[PDB]
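Quick note, the sequences are listed as chains B and A, same order.
Oh and the first sequence: position 377 is 428 in the deposited numbering, straight run, nothing missing.
Oh and the second sequence: position 246 is 251 in the deposited numbering, straight run, nothing missing.
Here the structure is laid out as structure tokens; the discussion comes afterwards.
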Amino acid sequence: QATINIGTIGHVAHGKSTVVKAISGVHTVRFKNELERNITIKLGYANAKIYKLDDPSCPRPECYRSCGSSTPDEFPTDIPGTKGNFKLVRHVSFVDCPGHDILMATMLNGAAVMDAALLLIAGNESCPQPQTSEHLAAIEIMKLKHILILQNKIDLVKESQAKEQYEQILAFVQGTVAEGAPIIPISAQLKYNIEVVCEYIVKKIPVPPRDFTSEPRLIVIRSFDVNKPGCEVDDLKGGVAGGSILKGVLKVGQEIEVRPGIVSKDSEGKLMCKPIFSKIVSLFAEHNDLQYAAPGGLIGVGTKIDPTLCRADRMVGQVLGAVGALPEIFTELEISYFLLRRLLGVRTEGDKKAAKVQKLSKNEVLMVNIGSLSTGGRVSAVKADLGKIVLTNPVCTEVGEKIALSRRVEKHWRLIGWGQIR
Amino acid sequence: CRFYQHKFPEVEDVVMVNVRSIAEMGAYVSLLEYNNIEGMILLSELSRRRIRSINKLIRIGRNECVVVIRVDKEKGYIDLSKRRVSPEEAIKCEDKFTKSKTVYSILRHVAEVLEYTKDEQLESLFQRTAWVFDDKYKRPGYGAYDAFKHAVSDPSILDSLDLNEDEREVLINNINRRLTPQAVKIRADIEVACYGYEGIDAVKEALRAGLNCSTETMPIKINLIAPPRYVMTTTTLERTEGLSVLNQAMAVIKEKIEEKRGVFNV
RNA sequence: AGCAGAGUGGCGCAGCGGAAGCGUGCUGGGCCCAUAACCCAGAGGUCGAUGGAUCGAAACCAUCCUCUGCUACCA
Numbered sequence: 052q053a054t055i056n057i058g059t060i061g062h063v064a065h066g067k068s069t070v071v072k073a074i075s076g077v078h079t080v081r082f083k084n085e086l087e088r089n090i091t092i093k094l095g096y097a098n099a100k101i102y103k104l105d106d107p108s109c110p111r112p113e114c115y116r117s118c119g120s121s122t123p124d125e126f127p128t129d130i131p132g133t134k135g136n137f138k139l140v141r142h143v144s145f146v147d148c149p150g151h152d153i154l155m156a157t158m159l160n161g162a163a164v165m166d167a168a169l170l171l172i173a174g175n176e177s178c179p180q181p182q183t184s185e186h187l188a189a190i191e192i193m194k195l196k197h198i199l200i201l202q203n204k205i206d207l208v209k210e211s212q213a214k215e216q217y218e219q220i221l222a223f224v225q226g227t228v229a230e231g232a233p234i235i236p237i238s239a240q241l242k243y244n245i246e247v248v249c250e251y252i253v254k255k256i257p258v259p260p261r262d263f264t265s266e267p268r269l270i271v272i273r274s275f276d277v278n279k280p281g282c283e284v285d286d287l288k289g290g291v292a293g294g295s296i297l298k299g300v301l302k303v304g305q306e307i308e309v310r311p312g313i314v315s316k317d318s319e320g321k322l323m324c325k326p327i328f329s330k331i332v333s334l335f336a337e338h339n340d341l342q343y344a345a346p347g348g349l350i351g352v353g354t355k356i357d358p359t360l361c362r363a364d365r366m367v368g369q370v371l372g373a374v375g376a377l378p379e380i381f382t383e384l385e386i387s388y389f390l391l392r393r394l395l396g397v398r399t400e401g402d403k404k405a406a407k408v409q410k411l412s413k414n415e416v417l418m419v420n421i422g423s424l425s426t427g428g429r430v431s432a433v434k435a436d437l438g439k440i441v442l443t444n445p446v447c448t449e450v451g452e453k454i455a456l457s458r459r460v461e462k463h464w465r466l467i468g469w470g471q472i473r
Numbered sequence: 006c007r008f009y010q011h012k013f014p015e016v017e018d019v020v021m022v023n024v025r026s027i028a029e030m031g032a033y034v035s036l037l038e039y040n041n042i043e044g045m046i047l048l049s050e051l052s053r054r055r056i057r058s059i060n061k062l063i064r065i066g067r068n069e070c071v072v073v074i075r076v077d078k079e080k081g082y083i084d085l086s087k088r089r090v091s092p093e094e095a096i097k098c099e100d101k102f103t104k105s106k107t108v109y110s111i112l113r114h115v116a117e118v119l120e121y122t123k124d125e126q127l128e129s130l131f132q133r134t135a136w137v138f139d140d141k142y143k144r145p146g147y148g149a150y151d152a153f154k155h156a157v158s159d160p161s162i163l164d165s166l167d168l169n170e171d172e173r174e175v176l177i178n179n180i181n182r183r184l185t186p187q188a189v190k191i192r193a194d195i196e197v198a199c200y201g202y203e204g205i206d207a208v209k210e211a212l213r214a215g216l217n218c219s220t221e222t223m224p225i226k227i228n229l230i231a232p233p234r235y236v237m238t239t240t241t242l243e244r245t246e247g248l249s250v251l252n253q254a255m256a257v258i259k260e261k262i263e264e265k266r267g268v269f270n271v
């Protein structure tokens, strides 16, 4: 299954497929294939098995040696050991977030259900690069600090440039946790020092305490392509949710409720929403059958919903509770909030632009990323430490946790501040 | 031999010819819309406009539609004209030309076995069989092909008048080989947008009831093209008997799914 | 994968139940003192496979495969 969710976030032009296939062995893929204008801009999924030969390096199935195929310029070979079967240490899960700035709201959502991260830095561009800081700050807000910085694209980048970049990032982030996070330079054109990464992810990132006894909550981020094959139609025996569970052991045959709900017919107001109920058909993770779905892992829960809800990616950031979950489904919400004194996620080579953003004004639409949900809503009252927001689609608030608040600076929204629900 | 019910053409009738020579004064041509009798076309009555080329108009080895302007009944001079021709007449004549060819090929199997050492053999077969098939249904626009097509799908037509031997197998084979496979363009149009989870089994009960009052063992063609769209090609007759199968079946699927939760497309 | 088209005999488009169909091009001839325009003349040949009726099948009708067009998903 899975034990931890390590995320693979990282700004434009570092190469995703080479690094993702080295760590998991499962390609990051999605709609439009095709391939990728550059690096994956979709929310990729992948799981993997991490075993040892009693060595800090992680074998392949063929554990005698491993000859790469990253480049035919030279032969990159590494040796994990010699063969006689290897001991399974754990089953790991990844969360490949978008690597592009416009997709920030999606990157936030996907990130918010991980248990650790890997900041994929690229040495090609600017030293205190916008997105590195954006990522790091969001991570410390959500409730994580289990980060391993990875210098992923320094294959042709000289050692002065690459040294200056790690220095400037680590010096800018002087107020964000990063001093207890290692910085592992690797090759992505010769897959070198990959074996030492395997030592790091088992060290810096154990399994955090998971609450089995507590009531099941599944947070779905990705829909399912079911169905439409054959034989026997139409619509499906139904619809599969790619979600991570962050609380409770969800057992097979259990009934689960999707709690933001669907709005009642001919509503004259903003109420009333009614949750949808679906019975769990199957609990699939990796490529191995399971009867349980332990928390701390990203699992494909097939449920008895019908094709229309899964025919496109429409279940991004929905909260699912088993069953008749107590969590309130607000339509208008009381945010406590604070703002950054800089505009995060933007800063280029020349002061233009990135400074203090002006105070929020009422009746402006802002993206409130609450939980893994992403709703848009307008601010109806605006006091400094008390704003009232009215949301277009209702938000199930599992706990008052955190929020991330963004404002439409130009073409798309950009992160301005965070806070906590009251 | 003759391809037509009458031996000689009338006056103002649309016919077909095949050019075998090009004359100074027009075109002398053989018929293949009747006997191989001679008919003369004249240069003046071919068009109402100039004529630069001449082999990019009429040339040898071409079927050309034309109107019989005059006929000498006793002499056998079939005067001809291409001046009054419309494309609608060409469609009507090409069909009659093609249909006579296939019908005479059916009435050639008869002559393969019987005494045909003399050319008049086919003429003997043609007059006695063809006329009673087509004359009864010429006034409604049918050829002898209609009579034979009716016989294969209900055999009483060719048993109502003298039935030949060995003919019947080849007759059946050629009717059933060429005029089929044989066909239903019945497709169901069904739209559904469920909030149900019991929809998967609900649809199964609805699918198997596409035709009411049939056995549970009836074979049908289910098709899934998209998630809301359920196409059922219903029991394949001719699409004039499965009309009730198409129309009322659509009501079943849309009704069965509304009972288990929510509103749907009607 | 649902629907559509095709699987050269110079080119390009692919026409129909009679073995190149249309448009074009190339090459040659004719007209003219000459050119254009105009008029004629060409060319080794199941046209992806497996079958049936047939005198015969790119073309009459099927069973298969492949490439593409529109729609669009299993992967």
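We treat Cβ as the ideally placed atom computed from N, Cα and C, and that holds for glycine.
The beta carbon of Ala198/A sits closer than 8 Å to some beta carbon of chain B. The three-state reading of DSSP puts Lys80/A in coil, since its state is none of H, G, I, E or B. Remark: three or more beta-carbon pairs, one from each stretch, lie closer than 8 Å, so the region 23 to 38 of chain A and the region 50 to 68 of chain A are flagged as touching. Looking at the DSSP output, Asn23/A shares a beta bridge with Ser35/A, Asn68/A. According to DSSP, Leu384/B shares a beta bridge with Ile440/B. Look at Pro311/B here: in three-state DSSP terms it is strand.
Take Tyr217/B, set aside five residues on each side of it, and the residues of its chain with a beta-carbon closer than 6 Å to its own are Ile234, in chain order. A contact is defined here as three or more CB-CB pairs under 8 Å, and the region 224 to 234 of chain B fails this definition with respect to the region 284 to 298 of chain B. Three or more Cβ pairs closer than 8 Å define a contact, and the region 372 to 387 of chain B meets that threshold against the region 253 to 273 of chain B. If you check the CB distance, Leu170/B and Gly95/B do not come in under 8 Å. Exclusion of the five residues before and after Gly470/B leaves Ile386, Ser387, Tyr388, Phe389, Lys453, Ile454, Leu456 as the residues of its chain whose Cβ lies within less than 8 Å of its Cβ. Its Cα nearest to that of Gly281/B, the residue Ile230/A stands out among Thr238/A, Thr239/A, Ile230/A. Taking a cut-off of 8 Å for Cβ pairs, the region 44 to 60 of chain A and the region 117 to 134 of chain A do not touch, as fewer than three such pairs fall below it. At a cut-off of 8 Å between C-beta atoms, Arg362/B counts as an interface residue with respect to chain A. Within chain A, not a single residue places a beta-carbon under 8 Å from that of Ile380/B; the smallest gap is close to 17 Å.
Beyond the five residues adjoining it in sequence on each side, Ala97/B comes within less than 7 Å, by CB distance, of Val71, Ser75, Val77, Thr79, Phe145, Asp147 in the same chain, given in chain order. What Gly289/B touches in chain A, judged by beta-carbon distance under 9 Å, is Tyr202, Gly204, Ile205, going in chain order. Contact with chain B is found for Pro232/A, since one of that chain's Cβ atoms lies less than 8 Å from the residue's Cβ.
Close to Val208/A, with beta-carbon spacing below 7 Å, are these residues of chain B in chain order: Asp285, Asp286. Shown here, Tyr109/A sits in a helix according to DSSP, grouped into three states. The three-state secondary structure of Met366/B, taken from DSSP, is coil. Under the three-state reduction of DSSP, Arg144/A is assigned to coil, being neither helix nor strand. Relative to the Cα of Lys407/B, the nearest Cα in the group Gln202/B, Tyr243/B, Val460/B, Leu334/B belongs to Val460/B.
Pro179/B sits close to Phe223/B, with the two beta carbons spaced by under 8 Å. A contact is defined here as three or more CB-CB pairs under 8 Å, and the region 170 to 182 of chain A fails this definition with respect to the region 252 to 259 of chain B. Residues of chain A whose Cβ lies closer than 7 Å to the Cβ of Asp317/B do not exist; the shortest such Cβ separation is about 11 Å. Taking C-beta atoms as the reference points, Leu36/A and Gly44/A count as a pair closer than 8 Å. Straight through space, the alpha carbons of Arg234/A and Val248/B are spaced by roughly 50 Å. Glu128/A is not a Cβ neighbour of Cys218/A, given a cutoff of 8 Å.
For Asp167/A and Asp100/A, the gap between their C-alpha atoms comes out near 28 Å. The continuous stretches of beta strand (DSSP E) do not include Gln187/A, and DSSP gives it neither H nor E. Within the model, the alpha-carbon separation for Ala173/B versus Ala156/B is close to 22 Å.
In the DSSP assignment, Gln182/B falls within the alpha helix (DSSP H) that extends over 181 to 193. Among the residues of chain B, those whose CB is under 8 Å from the CB of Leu229/A are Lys279, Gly281, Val284, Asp285, following chain order. Around the Cβ of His11/A, a 10 Å sphere holds fewer than 16 other Cβ atoms; the residue is exposed.
In terms of beta-carbon proximity, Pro267/B stays away from the interface with chain A, with every pair separated by 8 Å or more.
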